[PDB]
Number of protein chains: 2
Amino acid sequence: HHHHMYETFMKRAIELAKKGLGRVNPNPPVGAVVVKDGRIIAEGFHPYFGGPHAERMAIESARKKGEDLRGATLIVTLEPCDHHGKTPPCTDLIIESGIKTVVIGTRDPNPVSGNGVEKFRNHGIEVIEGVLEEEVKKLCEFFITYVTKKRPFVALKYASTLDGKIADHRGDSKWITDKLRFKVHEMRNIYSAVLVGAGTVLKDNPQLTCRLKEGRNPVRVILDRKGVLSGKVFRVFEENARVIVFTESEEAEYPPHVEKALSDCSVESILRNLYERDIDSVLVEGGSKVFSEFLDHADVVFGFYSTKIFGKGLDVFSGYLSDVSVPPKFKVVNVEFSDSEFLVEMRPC
Amino acid sequence: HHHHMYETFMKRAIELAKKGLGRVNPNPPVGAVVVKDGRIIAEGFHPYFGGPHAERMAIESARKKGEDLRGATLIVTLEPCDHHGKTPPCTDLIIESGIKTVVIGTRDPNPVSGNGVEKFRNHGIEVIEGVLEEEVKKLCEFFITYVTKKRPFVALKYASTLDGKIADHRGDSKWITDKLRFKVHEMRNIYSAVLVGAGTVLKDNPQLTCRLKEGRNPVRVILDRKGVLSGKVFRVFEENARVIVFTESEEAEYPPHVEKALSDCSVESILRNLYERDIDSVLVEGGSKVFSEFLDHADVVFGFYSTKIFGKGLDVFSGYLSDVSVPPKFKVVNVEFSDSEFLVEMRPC
Ligand SMILES: NC(=O)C1=CN([C@@H]2O[C@H](COP(=O)(O)OP(=O)(O)OC[C@H]3O[C@@H](n4cnc5c(N)ncnc54)[C@H](OP(=O)(O)O)[C@@H]3O)[C@@H](O)[C@H]2O)C=CC1
Ligand SMILES: NC(=O)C1=CN([C@@H]2O[C@H](COP(=O)(O)OP(=O)(O)OC[C@H]3O[C@@H](n4cnc5c(N)ncnc54)[C@H](OP(=O)(O)O)[C@@H]3O)[C@@H](O)[C@H]2O)C=CC1
Ligand SMILES: [Cl-]
Ligand SMILES: [Cl-]
Ligand SMILES: [Zn+2]
Ligand SMILES: [Zn+2]
């Protein structure tokens, strides 16, 4: 009865949370709904990094509407904070509002958030934990990775022909993804950073922007170990996003608004460096050498395919080598298709 | 009302028809159900090439049960024949049984079957045409192709890594397909012939048998233009199936139960030759040169993928060449996945 209703309400809370994806990072996305006598009476989401917490938005909304919250229920994706930020903690707000039941998707893995569940139970409140927990952990996987592993979540996205080519015999890559391009721009609108190698910049001179007009551009991370992009203004160096170039070249020079990060350039150093720049997620977009280096480090792989067939061309993972005896390292968790294209989502075993 | 019931009954007729797939070829698979006062009272399917027609099986079954067929309805996938074979035509049987309504999925494209629909309507019977017609044409696509295009239906099936490799750097292909192997054996149990090149025979020495114990082995078609398989007993030459080797070598010699077909070896000549040997369907299974040659001739392509990644290896279509400017020639009509594997069905645009 209630548990099915709690799942229905948690579904809406997740939908609410998603409104902040790409803006809250590296905070988690959070959604909150306040229910009274079975009706949602207010809603809230975390809108941007350092903005109001979802619970506060929802509770203040309710009060503005003249709702009496005494005896109401809060359904919230993440355990409410129990630390004084700029404001008192959400725990105190919830307690003082008269809310009697708090339903949580997952506990906050960040130690500094404190013991919200315990505080609530110490003030007579019913705390129900784990409603749609798996869905909520997926929702917050960037944050969970950032907090628990101290690195960004890594996705690897490629566009390939049926025969595993990311470019034809001339090195041309245009026009492989078409009807599934919207998925890429969705990803660019959510991932904090997108990452490409210098061979891609030299060959394709890509924008790497989110093409949704009202979206936001992700941070561009350019891997240029040897400094071959020095002294030129490629489209990835346009001043429409934060831009970081990792290189081992002291000589290399990039435009003044681009951060040059002189580095040993190991995947490990790159990921630590990004963590230290508050980047909770990176979308590795190529090319072949980059794919090859990051493949063992990906938390998710998105293979965008086309029914095109090139015959000869640049292989997706041309720098990798394995053989038939090595078992697969990924499982398929989802496939989508449209017209001449399909998208496979894979996750590490 | 009735039309929904006709679709329900036609669904069962299709399910019945499928019991003959792989055995009826090059006849079509056909299913029949007899319904009286809303109940299925008898069923029938075409069991093997030159066997009883589905309608006859169903009508004789009903009579054996003591059912009075006067005023009953027949639902049958394919338009009943109006030619005297060994037996009188199904049209006469149906008329004489007292059946008043005949519901057909699709008309028979074979001219020799005659004008069943018209005969029925001339003997007062209600003929309803086109129920689940698209599904039935899919069911009979081998036969429809055979009759209307005078060639076998061609499917191309490959097993590839994510990066488009059908073999690793050592030429090893073992263990790519695992959890989807059952789909391959299903196909081998239904397609009249399976086809491979000599490079595959030399490298893999495959059985190319249907591994379902109670299935049946398809005809093996081996493409050996140069006669490199001469004088050796590969597993494809075991006497557990009909075997045809196409070659331009007069010198080549194969075991006595193998048919040597001396040919110019064009895809066109091969397909005509197979048509002339009453083969209504061929499953092209590799390798790379063969895939490359047949790709433009495939009616359907089945890409079996694994999340394995080889890095370097033998490309699926290593003999083909295209580029980014060529539009895709296939649409995705279905995707299935399990564990570390996925299957994409593609059809020509
Ligand atoms: N269809 C698709 O999904 C896409 C296709 N493409 C195609 O791929 C091709 C480009 O691929 P490719 O040529 O392999 O080039 P990459 O884009 O993989 O760039 C390789 C360059 O990046 C540097 N690099 C690689 N890893 C690092 C790192 N860890 N830190 C710093 N620098 C690093 C390399 O340094 P070093 O020389 O020392 O190794 C090299 O200079 C183009 O043809 C493009 O059209 C590109 C992206 C996606
Ligand atoms: N993972 C998978 O789906 C599979 C992988 N494999 C792998 O593929 C490899 C074999 O591929 P590949 O080497 O390209 O060899 P193929 O199996 O494609 O065989 C090529 C041979 O067949 C002959 N041939 C090709 N077309 C015709 C034709 N129209 N008529 C008569 N003869 C023809 C060729 O003649 P000519 O020399 O004159 O061109 C050549 O001798 C092996 O490594 C095997 O392990 C094989 C099958 C499937
Ligand atoms: Cl771009
Ligand atoms: Cl086999
Ligand atoms: Zn809070
Ligand atoms: Zn008949």
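Heavy atoms only: backbone and side chains are in, while hydrogens, waters and symmetry mates are out. Every chain is numbered from 1 and lettered A, B, ... according to where its sequence line falls, protein lines coming before strand lines.
Every side-chain contact (heavy atoms from CB on, under 4.5 Å) that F49(B) has, sequence neighbours left out, goes to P26(B), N27(B). Here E79(B) pairs with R107(B) under the salt bridge (charged side-chain N to carboxylate O under 4.0 Å, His left out) rule; sequence neighbours left out. With sequence neighbours left out, the side-chain hydrogen bond (donor to acceptor under 3.5 Å, both in side chains) criterion links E129(B) to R121(B). Not a single side-chain hydrogen bond (donor to acceptor under 3.5 Å, both in side chains) links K260(B) to another residue, sequence neighbours left out. The side-chain contact (heavy atoms from CB on, under 4.5 Å) search around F182(B) returns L180(B), not counting sequence neighbours. Remark: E186(A) pairs with no residue by the side-chain hydrogen bond (donor to acceptor under 3.5 Å, both in side chains) rule, at least two apart or across chains. Annotation: side-chain hydrogen bond (donor to acceptor under 3.5 Å, both in side chains) contacts of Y191(B) (sequence neighbours excluded): none. Under the salt bridge (charged side-chain N to carboxylate O under 4.0 Å, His left out) criterion, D178(B) pairs with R181(B), sequence neighbours left out. Every residue two or more places apart in sequence or in another chain that forms a side-chain contact (heavy atoms from CB on, under 4.5 Å) with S192(B) is listed here: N25(B), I279(B), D280(B), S281(B). Looking at residues two or more places apart in sequence or on another chain, you find a salt bridge (charged side-chain N to carboxylate O under 4.0 Å, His left out) between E259(B) and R242(B), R277(B). Residues meeting the salt bridge (charged side-chain N to carboxylate O under 4.0 Å, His left out) test with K203(B), sequence neighbours left out: none.
Here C210(A) contributes atom SG and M187(A) contributes atom CE; the two are 12.5 Å apart, rounded to the nearest 0.5 Å. Atom CG of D82(B) is separated from atom CG of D108(B) by 11.0 Å, given to the nearest 0.5 angstrom. With values rounded to the nearest 0.5 angstrom, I166(B) atom CD1 is found 12.5 Å from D172(B) atom CG. If you take CD on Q207(B) and CZ on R235(B), they are separated by 6.0 Å, rounding to the nearest 0.5 Å. Atoms NZ and OG, on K308(B) and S340(B) in that order, are 8.5 Å from each other to the nearest 0.5 Å. Between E133(B) atom CD and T106(B) atom OG1 the span is 3.5 Å, to the nearest 0.5 Å.
At a threshold of 4.5 Å between non-hydrogen side-chain atoms, the residues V219(B) and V243(B) do not count as touching. With contacts defined as side-chain heavy-atom distances shorter than 4.5 Å, the pair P47(B)/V24(B) does not qualify. Between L208(A) and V196(A) there is a side-chain heavy-atom pair separated by less than 4.5 Å. At least one side-chain heavy atom of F302(A) sits less than 4.5 Å from a side-chain heavy atom of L343(A). For the pair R188(B) and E285(B), the minimum side-chain heavy-atom distance is below 4.5 Å. Taking the side chain as every heavy atom from C-beta outward, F310(A) and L162(A) never approach each other to under 4.5 Å.
In this structure, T148(B) contributes its side chain and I144(B) its backbone to a donor-acceptor pair below 3.5 Å. One N or O on the side chain of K329(A) and one on the backbone of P327(A) form a donor-acceptor pair closer than 3.5 Å. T77(B) contributes a side-chain N or O that, together with a main-chain N or O of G31(B), makes up a donor-acceptor pair within less than 3.5 Å. Side chain of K165(A) to main chain of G313(A): a donor-acceptor pair is present (N/O by atom type, distance under 3.5 Å, no hydrogens or angles). Side chain of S292(A) to backbone of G319(A): a donor-acceptor contact under 3.5 angstrom is found. In this structure, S113(B) contributes its side chain and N110(B) its backbone to a donor-acceptor pair below 3.5 Å. Although no hydrogens or angles enter the test, the distance criterion places no donor-acceptor pair under 3.5 Å between the side chain of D339(B) and the main chain of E341(B). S318(A) places no side-chain N or O within 3.5 Å of a backbone atom of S288(A) that could act as its donor or acceptor partner. A donor-acceptor contact shorter than 3.5 Å links the side chain of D168(A) to the backbone of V324(B). Checking side-chain atoms of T307(B) against main-chain N and O of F330(A) turns up a donor-acceptor pair under 3.5 Å.
Nearest heavy-atom pair, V316(B) versus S160(B), reported as atom, atom and distance to 0.1 Å: CG2-OG, 4.0 Å. Of all the heavy atoms in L262(B) and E250(B), the pair that sits closest is CD1-N, 3.9 Å. Scanning all heavy atoms of the two residues, the minimum distance from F294(A) to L195(A) falls at CZ-CD1, 4.0 Å. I176(B) approaches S306(B) most closely through the heavy-atom pair O-CB, 3.6 Å. Contact record, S263(B) with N273(B): OG-ND2, 4.4 Å, taken as the closest heavy-atom pair. The two atoms that bring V282(B) and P152(B) nearest to each other are N-CB, 4.3 Å, heavy atoms only.
Aromatic ring centroids of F237(B) and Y254(B) lie under 6.0 Å apart. Note: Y158(A) and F317(A) meet the aromatic proximity criterion, with ring centroids under 6.0 Å apart.
Salt bridge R347(B)/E141(B): present, at least one basic N to carboxylate O contact under 4.0 Å. A salt bridge is absent between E268(B) and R151(B); no separation between the charged side-chain nitrogens and carboxylate oxygens falls under 4.0 Å. A salt bridge links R225(B) to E248(B): one of the charged nitrogens lies within less than 4.0 Å of a carboxylate oxygen.
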From CA spacing to verdict: side-chain contact (heavy atoms from CB on, under 4.5 Å), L321(A), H169(B): CA-CA 8 Å; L321(A) 192 65; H169(B) 68 101; 4.1 Å; yes
Derivation of the side-chain contact (heavy atoms from CB on, under 4.5 Å) call for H185(B) and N189(B): CA-CA 6 Å; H185(B) 292 297; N189(B) 199 30; over 6 Å; no
Pair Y320(B)-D315(B), side chain to side chain donor-acceptor pair (under 3.5 Å): steps then yes or no: CA-CA 10 Å; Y320(B) 205 81; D315(B) 285 318; over 6 Å; no
side-chain contact (heavy atoms from CB on, under 4.5 Å) evaluation trace for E15(B) with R12(B): CA-CA 5 Å; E15(B) 179 175 51; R12(B) 173 59 177 160; 2.8 Å; yes
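A parallel orientation is assigned to the rings of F342(A) and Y305(A), their planes being inclined by less than 30° (bins at 30° and 60°).
Between the side chains of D264(B) and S269(B), at least one donor N or O sits under 3.5 Å from an acceptor N or O. Side chains of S173(A) and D204(A): a donor-acceptor N/O pair is present below 3.5 angstrom, by distance only.
For residues 209-218 of chain B, the set of pairs meeting the side-chain hydrogen bond (donor to acceptor under 3.5 Å, both in side chains) definition, not counting sequence neighbours, is empty.
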